[PDB]
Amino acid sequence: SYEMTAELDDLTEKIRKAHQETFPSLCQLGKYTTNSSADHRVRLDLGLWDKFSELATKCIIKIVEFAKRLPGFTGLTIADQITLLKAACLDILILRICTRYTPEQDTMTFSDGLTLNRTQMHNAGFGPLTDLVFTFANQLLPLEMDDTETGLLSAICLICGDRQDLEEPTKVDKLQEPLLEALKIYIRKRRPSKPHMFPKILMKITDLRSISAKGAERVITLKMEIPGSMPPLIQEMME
C-alpha cells in the first residue's frame, strides 16, 4: 500500500467520475438531427446559433461543476478559480465536442443528443475555424481516449499555473503536478504496448491551446455577426 499510488488512484477515480457525471458519453446519447441549413455553408444560421449557444451555456455550467469537483480547486482564491475557468473554458469546450465526433457521418453530437454535420457546425458558429476543429477531432481518434484520460486532460487544462493574472501561481502549479503523474501512470497501465503515449496524449493540449487562441478571435468576430448579445454566461467567460 505505497502511499502515493493509493492517493493517485483515488485522485484518478475522482476525476473520471467528475467527467462522466458532467459529460455524457457519445454511446449513451440518443442522437437526433435537424434540417436547418444542412446542405451549404452560410455566414451564420441564427436558428443554429441560438441552439448552439444555449448548449454551450449548459456545457459551461457543467464545466464549472466539474471544476468544483477537482481536488484542491475550491481551495484556490476566488479570483484564481474565476481566472482559471475563464482561461480554460474554450480549451475544454473544444476537447469535449471533439470527443463527440463520428467519422462515418462526419458529425459532432451535443449533450442533448443534437447531431450536426460539418456544414451545420460551420453555420452554427464555427465559421472559418470549422475544418481546423474537425481535423483535431480526427487526430484524437487513433488515441482511444476514455473518460479517465479526457477528464485528466481537462483538469490539466484548467489547473494551469502559467495562466496570466493568477494570485497564487505556485499553488496552482503544484496542484497540477499530481494530475500529470496520474495521467502518466494511467496511460502506462492502460497502454503497456505503446511506449511514448504519455507525451503524445499530454501534448494534445498544444493543439487545444492553438485552436483556443484562434477561437477567442472567432468569438470576437461572432459578437459582431450576431444581431444580438451572446448569452450572459458566455459574455462573462470571454471577457
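Start at 1 with the first residue shown and count on from there.
Comparing 124-132 with 86-94, the stretch with the higher mean C-alpha B-factor in the PDB entry is 124-132.
Mean CA temperature factor is higher for 103-111 when stretches 163-171 and 103-111 are set side by side in the entry.
Comparing C-alpha B-factors across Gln176, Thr206, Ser212, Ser193 in the deposited entry, the largest value falls on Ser193.
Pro142 sits in the highest third of its chain by CA B factor, as recorded in the PDB entry. Compared with the other modelled residues of the chain, the Cα B-factor recorded for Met238 ranks in the highest third.
Compared with the other modelled residues of the chain, the Cα B-factor recorded for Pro24 ranks in the highest third.
When the CA B factors of the chain's modelled residues are split into thirds, the value for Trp49 lands in the middle one. Among all modelled residues in its chain, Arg16 ranks in the middle third by Cα B-factor.
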